[PDB]
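**Q** these are from a larger complex, still in place; more later:
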Amino acid sequence: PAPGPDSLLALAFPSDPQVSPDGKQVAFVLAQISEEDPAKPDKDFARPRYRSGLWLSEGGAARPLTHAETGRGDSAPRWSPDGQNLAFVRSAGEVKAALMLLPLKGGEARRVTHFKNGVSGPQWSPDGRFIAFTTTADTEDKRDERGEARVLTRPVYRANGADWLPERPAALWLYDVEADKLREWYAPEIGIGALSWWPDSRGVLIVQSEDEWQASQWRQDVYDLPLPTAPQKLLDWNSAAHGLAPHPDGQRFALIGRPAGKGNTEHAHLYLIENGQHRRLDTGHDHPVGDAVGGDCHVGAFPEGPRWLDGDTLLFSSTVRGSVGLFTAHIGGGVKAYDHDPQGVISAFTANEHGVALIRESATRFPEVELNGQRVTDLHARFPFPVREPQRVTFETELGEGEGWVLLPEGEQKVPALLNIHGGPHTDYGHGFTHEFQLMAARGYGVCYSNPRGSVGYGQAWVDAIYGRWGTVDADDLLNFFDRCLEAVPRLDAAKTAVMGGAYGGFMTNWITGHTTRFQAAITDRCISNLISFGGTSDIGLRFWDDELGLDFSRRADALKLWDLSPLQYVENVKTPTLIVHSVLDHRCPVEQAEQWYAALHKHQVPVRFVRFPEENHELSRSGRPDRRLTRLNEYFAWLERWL
Amino acid sequence: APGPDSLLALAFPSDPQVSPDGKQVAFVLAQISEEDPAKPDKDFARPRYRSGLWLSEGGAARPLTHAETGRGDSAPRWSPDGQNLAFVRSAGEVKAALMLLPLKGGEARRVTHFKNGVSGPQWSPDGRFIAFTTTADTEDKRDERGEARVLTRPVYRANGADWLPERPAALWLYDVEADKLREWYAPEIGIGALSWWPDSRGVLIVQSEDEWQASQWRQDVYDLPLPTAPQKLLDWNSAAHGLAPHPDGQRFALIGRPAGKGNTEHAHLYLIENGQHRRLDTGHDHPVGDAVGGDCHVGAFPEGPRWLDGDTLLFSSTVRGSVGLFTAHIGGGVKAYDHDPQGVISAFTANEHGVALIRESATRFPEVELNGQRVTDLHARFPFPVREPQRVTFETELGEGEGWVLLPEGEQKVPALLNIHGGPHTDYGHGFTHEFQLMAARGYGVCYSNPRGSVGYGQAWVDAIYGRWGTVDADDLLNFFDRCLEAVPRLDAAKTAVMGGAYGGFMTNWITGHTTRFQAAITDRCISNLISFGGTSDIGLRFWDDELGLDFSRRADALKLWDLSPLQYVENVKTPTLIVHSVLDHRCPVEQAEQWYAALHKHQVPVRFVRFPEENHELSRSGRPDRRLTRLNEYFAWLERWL
């Protein structure tokens, strides 16, 4: 009785590992999967939902601090600097996201805020006097409820995962801890991105764009916002910035991003800011800041903000050849490894001068929470079937050897071979934990997955190789890799092959099937078929192709080049039975992309099936509602069983 | 000056049903009232259509029903003995119940009790049965639960119906004498037109063979006897509706076109005998049915042809912006029956004893007539004075084209609004357009014309744009507009705007991408990208094939479709543009508007996008009254800003 997609329901998902100020404790979030209303289940329709609570460890096995029995649960634990309180956010039905304050030495939490719309992103000031957070407060918008028109004048009006953007951005508020009083601090005209307190608690640094157009073009600056008694521009960056890390000296700060002129394809790096000047801080390290390795067992928030361990040393995470390690950057030197397992992924971390807490996983290990190197969870033990170990298969390119992996099922008999293509394109497969892949191998498929040119963990030149020319050397690498897998692993059945992928991976599944008939089945997920219409419909359409391809869909000559890069131009060649998976509120890859592919395959009488999820967005496979994650996997396996 | 809320004063007639003895008409009248008159929202008005049945025996019509909640009463159908009216009632949770009203006294009785209600009641001529369709008590909880929809059929949504059900509505019978209901025929695909044989032995129905043929508009006619399965009667493999069984019980007529050219060919009238067909409306180079624009039609507008005797078939036809009644004869050709070249007959019913119809003009709001006598007084409700247009012509290689200019009162210069009708194979002309009258009442000169591609000027005028939208049609529109400026000196050539919906929106996008001459533009339910339209539109699998000879799923054709896409030329657009679109418009999907909006933003062109939830392609003609007001408010706000 091979395991099925409902294996997902056995798992619990950790997030947001928050080390205590004294370094001796970790508070974190654990999402379990439970019935929407455990008291009143629907006899005809199961309703598995995420429900989260806060957990705490001092080094031993973690224990629950909260006990949600309804609603989405509790999130965003934040330690008071004196270690005696945890602020957090509670969602329970009509309580959308209330700021709560829990004394750790005894007693229940008190609700601090009372806004119709709840709050987001609490951060204590380092001196403990304040908690900053954002909120839309009590603003009401009855247009959708009444059936009124929405009048659009801004260039970007929706966002994947948030749906439709409000007329007024969330405002920055202050909770005065001593006075037990709330006050609006700053109501931005455009929106606040990253935010960090100065170490002396005099105010915050914030990222803002100058206007709506600049925001759509990913141009941001950093501003200084003192405690109230308006922000002042602190850095003319005119580019992408987040992860502000104020230096202990209270004057300098680091930021994560890229300098102006770069473009989305440049690795995110660390920049030291002093008196409006900047210089690269993580020198000699040809890898991006942050976790960009694929996996599907992350639900919730995964903090990766860099942290100064002393006056010279900035701790950060970085993706390297399918792994994610901790490194230190130094004002006085180059980058040094801090905690880097080439076969593992550190997906979130917090730190101070006294301790570190993180979440760690591998291709064979479900995510676990650690405190100062000690595991405090036992979550892999919940994984309900045995995991298998992948084998490495390499392929040659003019830039050097690329790599990928084969995950084989048990036994020695021939098994179908599944080419899985990661999205991005500037991410990696490798050492993230992928329930989907382990499940495919448990059901008898050989899973082949690789990092073609365009992937992100192999240096900037490997990223740049596909610039302006998706469908050339990246497609070459994928089929070269797959051919090397079939040659290296004889039990892979070259007569029973499938190609599948999501997002860029869906683009590439569409590209590949329009350029070869070799596969017996295809599954294209949250895909791209028409690069022109994407420019006009995607929540990043106003800048994505400009950065990835140098092409502006609103300019005639560029639009023709985008059409020649569109899989739909070559759809007349598709003969491979194709399953199309898409979600209606995916604003990253809008569902019109899938509709066009579906219609075109029908025009050609190619066997086709389109599973269309309401309510979900681009993130379904990684964090969608559990029932719909089950359905997506069920549909994958039904299609493979039919054609392989 | 009057504003868009002038619409709230109007009452909208529909479905003029003459009685079997020819001496009465029953019809539907939609008034606009609060959603819940008992509990109005102090902060938000909720004007809604609410309909009742009305009756006339020759004098001023009087109401038979008095709905105060719900959408109201529709689809009146006379019993053959004249003593009863069947109709359909919508009142909240009562979706669409079949009701039976005795006409000589007493209230109606409810006949059906289906969760999903019924549609399309038709009495058998002998009065023994009422046929109707229903999805009965079928439930679909996917959307309510948040479940996926699995799609395998080529067409899965339709403008105005949203998502198509897995099982089509089934045909049912009400046994009048027995007071019993029974399912008659559950089709696999769907039933189109339906008509009883004159001897009440069964019905003729239009059906497609399978889902793919349905997407290609290929239908056949079947014979379905009363129960005691359908048998194919005509190998048509093409578009057919308007079944009119001949009194002899063997032959029948239909409206449509034979297999061959495609759906740009004029719809014509065909006599069917023993599987053979021959055209009846010969010597008449004009399509069957009303294809003239207007915006005061709410509800059902029957146009089914009717035999006035064994030799004479009554039908309606569009001719140079008018819609007239004509008769075709078995013995040869077409004669005018009731045709004013300056008017539009939008619906009619008839038998051997009488005729009832709805009639309008560019200056006359729709009224109901019985045997030539008006029985309504609806024009009197129109809340501001109407003005009369003047005709302006233009020259082409196919002959003289025509259009009109509607001017405000006074003598001063006024801004000039080039309005472009959709289709493209429809006409402007002699329909009543509240929108145009309101524009002139607010001080604008409205210029509207029938370029090549329009439908009322013969087949060659239609064919002139085949495969080449954006060539001679665009030429004609600007030719006409230039002639208006020359002929009408009050039009201000420095304050001009271009606007249109659907094909007219395509053309507004095309024109602004090819000239900067206009000071403002309004593009409504538009098309910007012919490639993506092919994959998203509810008719995308056939529309360009018929209209352009192009298949978006074939590489060479898709490039030709891109060369016809206004979005290819958007870099030239400088004209401030208002974009009006509805989220459930499945005819022109809203991604068309999203692409135009985004492209104008990339170029920093002044742009505004009014995005209506819940509405579809038909908003301007029959959308919810509050959203029709908002659409017009937005039109005028934009024109006031830029003109």
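**A** Right, received. Where do you want to start? Residues are numbered from 1 along each chain as shown, chains lettered A, B, ... in the order given.
**Q** What distance do you get for residue A:184 to residue A:175?
**A** Applying C-beta to C-beta, to the nearest Å, the value for residue A:184 to residue A:175 is 11 Å. C-beta coordinates here come from the backbone N, C-alpha and C atoms, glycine included.
**Q** okay, the two: which has more neighbours?
**A** Taking neighbours as other C-beta atoms under 10 Å in any protein chain shown, residue A:184 and residue A:175 compare with residue A:175 leading, 23 against 12.
**Q** For the residue in the stretch 301-450 of chain A positioned nearest to chain B, which non-adjacent residue is spatially closest?
**A** As assessed by C-beta to the nearest C-beta, chain B sits closest to residue A:436 within the stretch 301-450 of chain A, at 17.3 Å. Leaving aside its chain neighbours, residue A:436 sits nearest to residue A:296 (5.5 Å; criterion: C-beta to C-beta, 6 or more residues apart in numbering or on different chains).
**Q** one step back: report whether the residue of the stretch 301-450 of chain A closest to chain B is found in a helix, as I expect.
**A** Yes. Assessed by DSSP: H, G, I helix; E, B strand; the rest coil, residue A:436 belongs to a helix.
**Q** Now do the same contact list for it.
**A** By C-beta atoms under 8 Å, 6 or more residues apart in numbering or on different chains, the residues touching residue A:436 are A:296, A:621, A:633.
**Q** Number of residues surrounding the second one?
**A** It stands for residue A:621. 23.
**Q** Wasn't the residue nearest to residue A:436 part of a strand?
**A** No. Read with three-state DSSP, residue A:296 is coil and lies in no strand.
**Q** Which residues belonging to the longest helix belonging to chain A are considered buried?
**A** Scanning chain A for the longest helix, with DSSP state H as the assignment, gives helix A:626-643. By 16 or more other C-beta atoms under 10 Å in any protein chain shown, the buried positions in helix A:626-643 come out as A:626-633, A:635-637, A:639-640, A:643.
**Q** For it, give me every contacting residue.
**A** Contacts for helix A:626-643 (C-beta under 8 Å, 6+ apart): A:4-6, A:8-9, A:33, A:46-50, A:416, A:418, A:436, A:439, A:443, A:445, A:498, A:500, A:520-521, A:523, A:525, A:577, A:579, A:581, A:609, A:611, A:613, A:615-616, A:620-621, A:624, B:146-148, B:150.
**Q** make it 6 Å
**A** Helix A:626-643 has contacts (C-beta atoms under 6 Å, 6 or more residues apart in numbering or on different chains) with A:5-6, A:8, A:33, A:48, A:520-521, A:523, A:577, A:579, A:581, A:611, A:613, A:616, B:148.
**Q** sec struct for the nearest residue to residue A:582 once chain neighbours are set aside, please.
**A** Excluding the flanking residues, the one nearest residue A:582 by C-beta to C-beta, 6+ apart is residue A:594, at 3.9 Å. Look at residue A:594: counting by three-state DSSP, its state is helix.
**Q** and residue A:594, how many neighbours?
**A** Neighbours of residue A:594 under the rule other C-beta under 10 Å: 29.
**Q** Please list all residues in contact with residue A:268.
**A** Counting by C-beta under 6 Å, 6+ apart, residue A:268 touches A:256, A:288-289.
**Q** Drop chain C onto that structure:
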Amino acid sequence: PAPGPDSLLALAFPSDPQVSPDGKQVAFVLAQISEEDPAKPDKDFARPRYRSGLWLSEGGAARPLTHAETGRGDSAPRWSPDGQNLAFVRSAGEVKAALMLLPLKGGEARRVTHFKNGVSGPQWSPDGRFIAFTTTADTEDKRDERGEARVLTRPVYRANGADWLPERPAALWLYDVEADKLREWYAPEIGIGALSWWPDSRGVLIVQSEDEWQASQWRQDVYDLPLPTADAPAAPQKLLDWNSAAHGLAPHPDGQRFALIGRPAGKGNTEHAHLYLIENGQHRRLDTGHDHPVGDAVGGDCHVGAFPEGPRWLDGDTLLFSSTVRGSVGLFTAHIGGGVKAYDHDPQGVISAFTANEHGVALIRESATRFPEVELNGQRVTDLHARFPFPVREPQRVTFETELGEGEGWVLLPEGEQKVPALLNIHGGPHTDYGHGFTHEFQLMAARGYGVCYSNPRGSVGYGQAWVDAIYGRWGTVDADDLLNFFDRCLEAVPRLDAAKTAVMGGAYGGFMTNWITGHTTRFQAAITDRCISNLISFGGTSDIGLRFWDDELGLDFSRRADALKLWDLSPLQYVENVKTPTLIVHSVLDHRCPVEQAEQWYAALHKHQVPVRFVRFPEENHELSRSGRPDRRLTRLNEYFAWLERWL
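**A** With chain C added, the chains above now look like this:
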């Protein structure tokens, strides 16, 4: 398989027989019993409800005009004087009671009024120009919904069947038919009772009390209210200082005189209602030589809805009215120039409602053996007895001697020849009659094998005023004597009645008397006391008529020490220590005529004495449960009666 209480669910109930102005048609109301929501029945709990529609006949079998499928339905049909329209009242959920206008020659009804609270009592003016009606319009009272206190200052604050009286009485409104306009006519400070149009349509006559205290004492006057002619309408003008009970105003065709039904000041509640001709403040008895009350006061249980009995002038001399005579109800004419003549009087039948004009008459007629039927000009137009689901049986007469002459009662026997238990049933009032009304309960008792014995002791109403007066001030003496003497005569006259298996039962006054009898003899094997009275003192303070009932019936004021002691000596609860008979107690919580504290005391006292007792307590219902309560609770009441009799007999 003997029938049970659910036999009630097979019946349909006619009411409000309205003859057309031309005398050739009748429109009436028919209540069927149907599920609350036939579409969504509760699998675990049946919900039978009354649902009414309008029916029409020109002499043949009646046909339905309306087709309510939800809600309580349609009521109060009223003909337009030109015969072409019916006004009526529609109740459908949130539509509480809307005035509707139905054209009779084709088309559906139009809703005329749009008030949150609906309307009551539509009456066309004779010239057809107006419809008068009353309404509380859109007034809201959120006290109960919010849990606020109710502050009481008025002497009467609740009424059986209406529950709690509003601070502002319903106002009289006018519908102007030609103008299609509505306007408030008169907002009374106290309340409007009877109302009638003058024959020339110049205005209405209305009955009103001068203040809240006088209303509580049943003292009313007649007022003249002309049609309004300005933004603020003229007020009513007092027309007759009656200072007594008045209803059924019947304006004379001459437009000046009018008759009224009631009693002159002096006489209390026990005086027969009579007809009085009023002329310029003078009054004289009109129904002379007729020692019987106006109106139907005969018991039965198959009346749901409104039963009009307003007297009607057939010409300048002749006033048609109904009257109770020895257990029957007949039509009679009173004459300005002479005495009373029979018009339509079957001594074995009951005419329960009628309307009339110079061209025709419509009525409802029944008997002890015939379920109510609607008639037009002497022709039955319904077939409602045919629905009665088991055979009906014929009562036999048994008489008894009194010092005032022979009293009478009846025995309804089951089939067969074997001994059967004997049930003494006692009618309420006390000033009503048993006799020739149709009683489903009695027919059902006999169908289940009981001999039903029921009579008109002194105090009953159909045997002349002196027979009523015999019990004045002394309930529990000659009335109890008559009841037990009658029952003994039944046992002697009908040998199959089993003297060892007897029960006593009754409602209201009949419940008082069941309590009295069981406290004064142990002869019965079972007792059923329904909507009863046990404590005359507390009744004075809790009943909706407590401020006047004993004063009129007994000459006793509970708020005066000497009188209260006499009321205690008349209270069955004083003698409860003697009760040994197993007793079923039936009562409803919103019975404001006999408040439920009456039953609570009897229940507690029998418990103190360890007498077998069972108390069925109905929510929501009032004094009228057995005659018009919700069908499911009517079934339960009957089930409980029969369960108790099966246990003890």
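**Q** quick recheck of the contacts of residue A:436 now chain C is there?
**A** If you count contacts by C-beta under 6 Å, 6+ apart, residue A:436 has them with residue A:296.
**Q** run the last query once more with 10 Å
**A** Contacts for residue A:436 (C-beta atoms under 10 Å, 6 or more residues apart in numbering or on different chains) come out as A:5, A:8, A:294-297, A:420, A:447, A:621-622, A:629, A:632-633, A:636.
**Q** Look through chain A and state the residue closest to chain C.
**A** residue A:43 (15.4 Å).
**Q** got a list of what that residue touches?
**A** The contact partners of residue A:43, taken as C-beta under 10 Å, 6+ apart, number zero.
**Q** Now residue A:170. Nearest residue, chain neighbours left out?
**A** Nearest to residue A:170 is residue A:134, by C-beta to C-beta, 6+ apart, at 4.1 Å.
**Q** How many residues are close by the one you found?
**A** Residues near residue A:134, counting by other C-beta under 10 Å, number 21.
**Q** and if you look at residue A:604?
**A** Residue A:604: 15 neighbours (other C-beta under 10 Å).
**Q** Correct me if wrong: it contacts residue A:574.
**A** Yes. Counting by C-beta atoms under 10 Å, residue A:604 touches residue A:574, with 6.8 Å between them.
**Q** Okay, buried residues for stretch A:510-518 please.
**A** Neighbour-count burial for stretch A:510-518, counted by 16+ other C-beta under 10 Å, picks out A:510-514.
**Q** how long is it end to end?
**A** With C-alpha to C-alpha, to the nearest Å applied, stretch A:510-518 spans 13 Å between its terminal residues.
**Q** how distant is it from the center of its chain?
**A** The chain centroid and the centroid of stretch A:510-518 are separated by 28 Å under C-alpha atoms, centre = their mean, to the nearest Å.
**Q** before we move on, what about stretch A:324-333?
**A** Centroid separation for stretch A:324-333 versus its chain: 23 Å, with C-alpha atoms, centre = their mean.
**Q** Which positions in chain A make contact with chain C?
**A** Residues of chain A lying near chain C by C-beta under 10 Å from any C-beta of the partner chain: none.
**Q** what about the closest residue to residue A:65 other than its chain neighbours, how many neighbours?
**A** Setting aside the residues directly before and after it, residue A:65 is nearest to residue A:54 in space (C-beta to C-beta, 6+ apart), at 4.3 Å. As a burial measure, residue A:54 scores 27 neighbours (other C-beta under 10 Å).
**Q** Check the contact between residue A:54 and residue A:64; I expect there is one.
**A** Yes. With contact defined as C-beta under 10 Å, residue A:54 counts as touching residue A:64 (7.2 Å).
**Q** so what sits against both of those two?
**A** Counting by C-beta under 10 Å, 6+ apart, the shared contacts of residue A:54 and residue A:64 are residue A:30.
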